[PDB]
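First the structure, in the form of structure tokens, and then the observations on it.
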Amino acid sequence: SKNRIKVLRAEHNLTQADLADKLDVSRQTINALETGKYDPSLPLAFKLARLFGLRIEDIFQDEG
Amino acid sequence: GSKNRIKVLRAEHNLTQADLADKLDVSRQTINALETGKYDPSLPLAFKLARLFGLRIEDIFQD
Amino acid sequence: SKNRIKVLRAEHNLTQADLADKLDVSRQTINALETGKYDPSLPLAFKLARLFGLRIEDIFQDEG
């Protein structure tokens, strides 16, 4: 129920808009992910993982 | 040119040479040739490298 | 590709031969760059930037 997207953006020198444009999503979608308002679709989680060279479980943590 | 920060930037960005090559749609030997200065990049490729790292071209390459 | 070399020549009242002489390239090389005929090597882009006192990104435009 949380993620490391904000921290990873800083590590990769990306603004929210930069990350959004690289994933073909809007800047608001990126901000919604970082604040947890929107849970990503699985395809968007995959796109994030490949962009950062990580597995989904490296970026997103969830309960269950 | 031999003087460039591609290797250092790769380490900062969690990239192997092959990872960087795939992100730029070039081959792995092209990346190695760029880092060692054996190849000078085309201007379009220099732009793609600069935009990937969010930097100016002059931040990555020295003339 | 796309660049402002021709606009910069006009702003500084330079002929193609003037710019060629200042950069040690041929006049045909200058014309190919201004018309978008040739994409320059990075060393040539630097020399253009240094001559005009500008950044590479100030002179050249690229789709990525």
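Just so it is clear, none of the values below were taken in a lab; they were calculated from the coordinates. Counting neighbours? That spans all protein chains shown, and the Cβs are built from the backbone with ideal geometry, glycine included.
Which whole number gives the average count of other chain Cβ atoms within 10 Å of the Cβ atoms across peptide A:9-15?
That average works out to 3.
Evaluate peptide C:48-55: per residue, the Cβ atoms of other protein chains within 10 Å of its Cβ; return the mean as an integer.
The per-residue average across the peptide is 1.
Report the relative contact order of chain A, percent, no decimals, based on alpha-carbon pairs under 8 angstrom and at least 6 residues apart.
Computed value for chain A: 41 percent relative contact order.
I need the semi-axes of the equivalent ellipsoid of the protein assembly as shown: take the C-alpha gyration tensor, multiply each eigenvalue by 5, square-root it, list largest first in whole angstrom. Provide the component values of the computation, followed by the final result.
Numbers: eigenvalues 312, 68, 30 Å².
Over the Cα atoms of the protein assembly as shown, the semi-axes work out to 39, 18, 12 Å.
By per-residue mean of other Cβ atoms within 10 Å, what is the highest-first order of A:22-34, B:45-57?
The packing order, highest mean first, is B:45-57, A:22-34.
How much of the pair distance distribution for chain C lies past 13 Å, counting alpha-carbon pairs only, in percent?
Counting every Cα pair in chain C, those more than 13 Å apart make up 60 percent.
Report, in debye and to the nearest 20, how large the dipole of chain C comes out about its Cα centre when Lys and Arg carry +1 and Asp and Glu carry -1 on their Cβ. It would help to have the intermediate numbers written out before the result.
Numbers: 10 positive and 10 negative charges, 24 e Å.
Its charge dipole is roughly 120 debye.
I want to check the label-to-label distance for A:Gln61 and C:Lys2. Put each point 7 Å from Cα in the C-beta direction and report it in nm to one decimal.
With each label point 7 Å from Cα toward Cβ, the separation is 4.5 nm.
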